[PDB]
Amino acid sequence: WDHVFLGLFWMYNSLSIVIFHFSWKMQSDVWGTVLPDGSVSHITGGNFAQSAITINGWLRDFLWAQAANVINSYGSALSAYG
Amino acid sequence: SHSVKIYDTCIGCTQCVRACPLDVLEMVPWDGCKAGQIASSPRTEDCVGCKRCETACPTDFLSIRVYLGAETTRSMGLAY
Amino acid sequence: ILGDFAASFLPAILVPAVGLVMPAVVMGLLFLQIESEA
Amino acid sequence: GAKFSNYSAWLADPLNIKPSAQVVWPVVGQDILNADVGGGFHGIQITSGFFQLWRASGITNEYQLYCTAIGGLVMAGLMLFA
Amino acid sequence: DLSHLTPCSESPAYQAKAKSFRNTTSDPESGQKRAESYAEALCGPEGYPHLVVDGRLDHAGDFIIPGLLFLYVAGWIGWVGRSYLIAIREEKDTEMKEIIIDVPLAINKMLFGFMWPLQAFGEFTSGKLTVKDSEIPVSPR
Amino acid sequence: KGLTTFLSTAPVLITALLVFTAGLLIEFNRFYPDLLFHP
Amino acid sequence: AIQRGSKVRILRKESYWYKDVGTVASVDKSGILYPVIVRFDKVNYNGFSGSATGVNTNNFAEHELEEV
Amino acid sequence: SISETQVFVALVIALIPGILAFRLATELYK
Amino acid sequence: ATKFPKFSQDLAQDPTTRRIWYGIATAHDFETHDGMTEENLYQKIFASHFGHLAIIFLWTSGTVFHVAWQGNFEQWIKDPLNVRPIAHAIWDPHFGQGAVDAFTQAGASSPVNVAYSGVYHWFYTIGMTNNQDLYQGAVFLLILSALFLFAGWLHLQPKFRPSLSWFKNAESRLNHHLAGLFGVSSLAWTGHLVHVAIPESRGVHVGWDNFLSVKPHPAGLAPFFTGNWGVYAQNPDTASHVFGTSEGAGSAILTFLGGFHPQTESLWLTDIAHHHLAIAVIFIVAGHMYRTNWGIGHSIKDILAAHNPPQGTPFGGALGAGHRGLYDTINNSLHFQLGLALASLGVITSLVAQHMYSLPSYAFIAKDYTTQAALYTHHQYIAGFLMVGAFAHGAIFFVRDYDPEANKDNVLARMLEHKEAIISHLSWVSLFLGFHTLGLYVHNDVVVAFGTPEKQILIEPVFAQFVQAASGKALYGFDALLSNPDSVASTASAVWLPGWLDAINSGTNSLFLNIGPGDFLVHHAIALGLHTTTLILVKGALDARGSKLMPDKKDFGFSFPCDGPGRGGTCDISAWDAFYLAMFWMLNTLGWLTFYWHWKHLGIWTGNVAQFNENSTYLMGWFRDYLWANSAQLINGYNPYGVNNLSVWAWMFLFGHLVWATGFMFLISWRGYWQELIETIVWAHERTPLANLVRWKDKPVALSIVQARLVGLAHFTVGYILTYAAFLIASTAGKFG
Ligand code: CLA
Ligand code: CLA
Ligand code: CLA
Ligand code: CLA
Ligand SMILES: CC1=C(/C=C/C(C)=C/C=C/C(C)=C/C=C/C=C(C)/C=C/C=C(C)/C=C/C2=C(C)CCCC2(C)C)C(C)(C)CCC1
Ligand code: SF4
């Protein structure tokens with residue numbers, strides 16, 4: 001049972017890194033708007049190439065930068081998420 | 001080696017000996033109990049310290065009591 | 001990079017001594033101390 | 001989807017109206033949680049993908065969702081009886 | 001005298017906020033009712049009502065009335081719980097109706113639990129509220 | 001007869017009590033909202 | 001005064017029911033150290049972890065008791 | 001600023017608690 | 001048959017790796033050493049004291065030597081408000097060009113570290129002017145450390161080893177510690193202040209050459225013996241005085257204004273000297289209290305035994321036997337003395353932290369904001385350490401030094417007699433603070449999130465504001481006892497009042513800050529933290545000897561893993577659980593109060609105090625406007641576009657996160673999983689070719705249960721201090737730097 005107890009922490013760690021990789025790679029390199037010229041302006045700006053190689057880049061450009069919406073959500077329609 | 005000490009509040013139910021996994025405990029005759037027997041720990045150098053004997057003791061506080069002391073290669077239970 | 005302070009060559013000697021040399025000496029000596037029998 | 005959603009509004013303009021299928025009762029200041037999502041509907045912007053699933057299923061009106069909800073209740077009672 | 005705390009009507013930061021008070025209920029003028037109801041409080045420089053807790057009157061509504069109301073309700077809950085717990089002791093099967101609550105006894109405990117401070121004073125002066133230190137289990141030192 | 005004993009259990013009664021208390025508080029804050037203090 | 005069914009208070013400090021009152025199940029007349037079997041309403045801590053059961057009786061001596 | 005010789009003077013002064021710390025540590029061992 | 005550890009033979013025959021780990025951790029527990037008597041115990045402790053004082057003096061000597069050698073003390077005294085103090089130089093083989101360019105700061109030509117301990121302000125205030133005065137101080141501290149080392153070596157020699165009666169001579173030790181350690185040292189510091197620090201603040205260099213020639217007052221030692229002491233307070237320093245130079249300077253060496261210096265924003269050095277002379281006189285007088293050799297004095301045992309309220313007293317015999325059995329209990333037990341010492345030291349360290357920020361005593365240290373932040377946080381964390389250690393040693397005293405026969409029905413026995421009434425009421429007050437502090441925070445969070453911040457429960461702290469107004473603050477309009485000028489206290493002969501009143505009623509200092517509804521809730525969080533940490537600590541100290549689940553807890557000692565899975569489960573029942581579970585609560589409380597201090601002072605120093613005053617009432621304002629907002633320049637210390645001077649602080653931030661999260665591994669995962677893992681690793685080593693030649697002498701086992709609780713605790717602690725020190729220093733140095 002206690003190996004399941006520890007494996008729950010490790011699946012938390014594993015799947016958290018999986019969904020963090022997804023939520024950064026798609027926002028930086030897939031999702032975004034299309035300019036009328038034809039180029040794609042992504043949500044973050046393609047910072048996965050240079051910031052997803054460092055833990056400080058994952059802390060700064062993903063966790064600190066993208067949680068600016070969840071902490072400024074108070075007094076708005078997404079305040080239940082904050 | 002651990003110290004397995006058996007006190008005189010023992011009812012001689014033999015649960016500690018059957019609960020012991022390394023044959024540390026046994027029953028000796030004793031005139032001070034209704035069951036006529038008390039637990040003894042002769043080969044207490046084989047005690048790992050699992051306290052299964054302390055788990056199985058039905059006294060209000062345990063008549064058999066394990067004191068974890070010096071650690072040997074048998075107290076650690078090491079196959080290597 | 002050497003400093004403008006007096007005896008700037010002493011960080012170039014003491015820092016590798018205290019960071020590499022004497023910790024290796026202390027771990028070797030303490031290893032021989034804690035692993036010797038009798 | 002049948003009663004508390006803007007699915008009929010979402011089917012007309014699916015590129016500028018957000019999917020919403022849950023309204024929030026105004027007893028305390030949680031009426032702010034009803035997001036402005038389009039078509040004169042206020043509610044929580046759902047992300048379950050039920051609306052796109054019903055569009056791929058060919059569901060065009062909310063009565064077809066009401067019939068499926070009634071059928072789900074009948075099937076749940078049938079499973080309880082089984 | 002709290003000169004740093006101005007009344008919310010005289011405070012020029014509360015009146016800027018009080019236009020944009022959101023409605024909480026389905027009542028359309030709920031923001032205006034909150035704005036007029038919070039004007040009797042004291043507002044700081046932020047423009048938000050403050051509560052002064054020192055038992056003074058004209059500010060007893062901040063703490064003294066809600067505090068006494070909670071003390072009555074919490075004493076009700078605790079006294080009905082203690083009365084039910086005492087009543088289910090001396091009838092030889094106490095764990096089963098500790099786990100499966102005897103409703104007809106609990107209703108009679110609850111609806112007669114309004115007179116909790118009178119019964120509390122009676123049990124305090126009678127000595128049947130507090131168990132003596134001899135007749136009570138104490139852990140070893 | 002055995003159903004009333006199940007309804008007299010601790011989780012069913014604590015759920016009924018908490019739903020009744022939450023409903024009383026919600027119905028009070030609907031009809032009389034925004035009571036930060038006693039006037 | 002110690003007889004079967006008499007309610008009696010424990011004077012063992014280390015016991016779970018120190019200064020608590022339990023009934024007497026049996027008293028042994030042979031020469032043993034703890035002849036008075038006393039049964040309690042509450043249960044002891046004894047048992048494995050997660051066990052919902054525990055012992056509620058123990059042998060005690062004459063000087064370890066007082067009759068109420 | 002201090003001179004270059006003052007650093008070496010302070011180092012050979014620091015050998016006097018250097019030796020005495022070694023002498024105290026061995027006697028604290030005993 | 002292994003020589004390590006020498007002091008324990010039970011661990012010497014241990015064939016596993018637990019022998020080394022437990023020989024490290026039982027090295028300083030001299031009481032459990034094999035063949036240890038009390039007479040040898042006290043002498044080994046006495047020599048370890050000298051070794052520790054020598055370590056302190058060598059650390060101080062290194063600090064002053066690095067200020068003198070590779071710091072900038074010449075440049076800093078010219079512009080203390082603009083020049084950054086340099087701690088020491090950096091010699092790193094790992095630096096690239098970006099780090100050398102980034103760490104070449106504070107006017108240096110080398111990679112240097114900026115000092116945040118603020119000893120530059122201390123040295124400038126006490127009379128240091130050039131680097132040579134620091135170098136001679138460093139050399140003198142080296143000689144003092146060598147002297148302490150030789151004293152410690154000497155007191156281990158059998159000729160000079162003190163007897164047991166000398167160590168337990170409490171009366172003489174108290175007399176020489178109050179008269180000499182506290183009174184003579186404060187009198188000597190007064191001598192330094194009136195001889196060096198006060199004239200160097202007035203531009204008059206003294207040094208060791210001219211202190212026998214420069215007379216501290218124009219009337220030197222003549223008003224001292226006649227009695228007209230007012231001559232030393234006739235010409236105080238003008239408010240237009242400039243520090244370190246002679247214009248605007250006075251001549252009085254003992255002034256008593258009680259205010260702040262208008263330039264340095266600190267207390268007057270003449271005020272400091274007068275305070276030190278007063279407390280030196282009081283400490284010398286208090287040192288003449290206990291009888292040693294000359295008949296007159298006091299004996300502590302008679303004072304303790306005479307202090308019990310008799311019959312007919314309105315309290316009666318409520319204390320039982322009173323204090324008889326003390327002075328044997330305290331003097332025999334070293335853990336009682338250690339706990340009392342650590343409690344007193346933790347309280348006075350808390351006082352140091354709470355007083356050096358509101359009443360700075362060092363020149364231009366109020367305007368060096370990062371020094372204030374580092375000093376407050378550094379002293380409060382150490383105060384929490386000392387206080388938790390005080391309670392831990394109280395627990396150790398109960399488990400291995402408490403005698404119920406000697407302490408029979410005294411105050412100490414009657415503490416244990418109702419030992420869990422205290423625990424139940426402390427649990428009640430912990431829940432009473434916790435439920436309602438979290439309830440008001442969550443209520444404020446929900447109503448601010450719901451667009452209605454006016455529905456917050458904002459509570460003005462009127463009691464502490466009444467205290468502020470009673471100390472002389474006219475902002476709240478209480479008009480109480482110093483706020484009005486017509487009170488009996490205000491109309492007295494209190495001549496500190498003209499300085500104190502305009503020091504407290506000016507908002508340019510940290511003296512008696514404006515407190516509002518965001519200060520009430522954090523203070524109740526602080527009260528919750530102290531009450532709960534006290535609950536774990538009192539709960540484990542009083543249940544140290546034993547209790548209902550484990551009666552014989554004293555037989556296994558202070559620190560044991562468990563007592564098996566029997567009796568329902570017995571994890572964390574040793575009195576070491578109090579220390580282990582209260583390090584977390586102490587660190588949480590110190591985090592709460594240091595976040596409070598840092599955010600309030602960031603609002604003060606930035607000049608926008610409204611941010612704290614409206615956003616600290618709910619926890620999302622704490623989470624956003626303090627953590628997220630002030631971590632911005634921290635985490636951008638190194639980015640893909642370059643390297644700042646805060647790159648080492650971002651690296652320490654991540655390092656503290658890594659160590660803190662590595663602690664979770666030892667605290668959550670427990671031993672037998674790792675023992676089962678190491679058994680497979682042992683099989684893999686012994687069965688592979690070419691590596692089974694290398695055989696271990698000791699059998700690799702998992703870390704034991706208490707050892708891993710300690711290792712996870714140490715990781716949690718080291719990560720906690722490292723990541724908060726990094727965040728604090730970078731947050732208030734990227735702005736005010
Ligand atoms: C404990 C006090 C303390 C501390 C923390 C530091 C720390 C530092 N010193 Mg040192 N130092 C000190 C005392 C101190 N020093 C004193 C008293 C002197 C003699 C006057 C100096 C002389 C000095 C020189 C000349 C140099 C440093 C340098 C260094 C740096 C790297 C260490 C090194 O290689 O040199 C250590 C070399 C020594 C000669 C120090 C000897 C040991 C001292 C005397 C104290 C003993 C330490 C401690 C008390 C014992 C171990 C405790 C243990 C529990 C950890 C580092 C910033 C280097 C530097 O600036 O690089 C940029 C450098 O070259 N130091
Ligand atoms: C805790 C349980 C849980 C919850 C609450 C949901 C909830 C959700 N799922 Mg999900 N799901 C889960 C577990 C869960 N699922 C599991 C365990 C599986 C694996 C079988 C899936 C696979 C699944 C798929 C494939 C899809 C959903 C989708 C949905 C969303 C809309 C629900 C709906 O009507 O889809 C209705 C969707 C379908 C009827 C298509 C499913 C048909 C699959 C391919 C056949 C499965 C047959 C059989 C049950 C499985 C046999 C396994 C085989 C190896 C033997 C919603 C967010 C849909 C979605 O994201 O839409 C936006 C979607 O397409 N889920
Ligand atoms: C009859 C019920 C009852 C009564 C009157 C008491 C009264 C007492 N408890 Mg509490 N308590 C109870 C139940 C009760 N409690 C239960 C159910 C729990 C488990 C959650 C606890 C756990 C507990 C803790 C952990 C602490 C107290 C404390 C205290 C004291 C201060 C009050 C307080 O802190 O409230 C706190 C109350 C709670 C945390 C939970 C109370 C839950 C409800 C309100 C109890 C009443 C409802 C009950 C379940 C059903 C009623 C019966 C009904 C069928 C008629 C006081 C002696 C403190 C103490 O020792 O101070 C001296 C202490 O530290 N109690
Ligand atoms: C007057 C003579 C005298 C004096 C000066 C000392 C001095 C001392 N003794 Mg000693 N003692 C004496 C005689 C004396 N004793 C007598 C006769 C007895 C025999 C009965 C003892 C027996 C004895 C024992 C048994 C022990 C001591 C110890 C010590 C040391 C205490 C620890 C220390 O250094 O803290 C010094 C701390 C201070 C000066 C400050 C104390 C805290 C202050 C008051 C709080 C405020 C600080 C203030 C704000 C300043 C801040 C500093 C600045 C950076 C801002 C110290 C060196 C211990 C030892 O061995 O140490 C080596 C110890 O084991 N002594
Ligand atoms: C177990 C034990 C222990 C432990 C415990 C502890 C550790 C404790 C601590 C405690 C503490 C550490 C406490 C503290 C306290 C404090 C106090 C009690 C204070 C008071 C003060 C006052 C009262 C003040 C007053 C005033 C003035 C003077 C002026 C102004 C105003 C005022 C009011 C503020 C010991 C060691 C003993 C021993 C063994 C046993
Ligand atoms: S501790 Fe385990 S091995 Fe030792 S006597 Fe008890 S049951 Fe047997």
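By convention in this document, chain letters (A, B, ...) are assigned in the order of the sequence lines, proteins followed by strands, and residues within each chain are numbered from 1.
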(message) Less than 4.5 Å to any heavy atom of chain B: does that hold for the side chain of I:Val701, its backbone, both, or neither?
(response) both

(request) Give me the one residue out of B:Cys16, B:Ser41, B:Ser40, B:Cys53 that meets side chain to side chain contact (heavy atoms under 4.5 Å, CB included) with B:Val24. (result) B:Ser41

(message) Could you check whether I:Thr17 and I:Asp698, counting side-chain N and O atoms only, form a donor-acceptor pair closer than 3.5 Å?
(response) no

(message) Under a 3.5 Å cutoff, is there a donor and acceptor pairing between the side chains of I:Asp577 and I:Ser574?
(response) no

(request) With a 4.5 Å cut-off on heavy-atom pairs, point out which of B:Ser1, B:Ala70, B:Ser75 contacts chain I the most. (result) B:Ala70

(message) Below 4.5 Å, heavy-atom pairs only: which of I:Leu549, I:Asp10, I:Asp552 has the largest tally toward chain B?
(response) I:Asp552

(request) Of all the heavy-atom pairs spanning I:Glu686 and I:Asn692, show the shortest one and how long it is. (result) O-CB, 3.8 Å

(message) Check I:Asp563 with B:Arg65, please: is the shortest side-chain N to carboxylate O separation under 4.0 Å?
(response) yes

(request) Let me know if B:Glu54 has heavy atoms under 4.5 Å from chain I in its side chain, its backbone, both or neither. (result) side chain

(request) Could you tell me which portion of B:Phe61 (side chain, backbone, both or neither) has an atom closer than 4.5 angstrom to a non-hydrogen atom of chain I? (result) side chain

(request) Please look at B:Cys57 and chain I and tell me whether the side chain, the backbone, both or neither of the residue comes under 4.5 angstrom of a heavy atom of that chain. (result) neither

(request) Can you tell which part of I:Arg19 gets under 4.5 Å to a heavy atom of chain B, answering side chain, backbone, both or neither? (result) neither

(message) Does any backbone or side-chain atom of B:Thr72 lie under 4.5 Å from a heavy atom of chain I? Answer side chain, backbone, both or neither.
(response) backbone

(message) Could you tell me if the side chain of I:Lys554 sits less than 4.5 Å from the side chain of I:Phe398, heavy atoms only?
(response) no

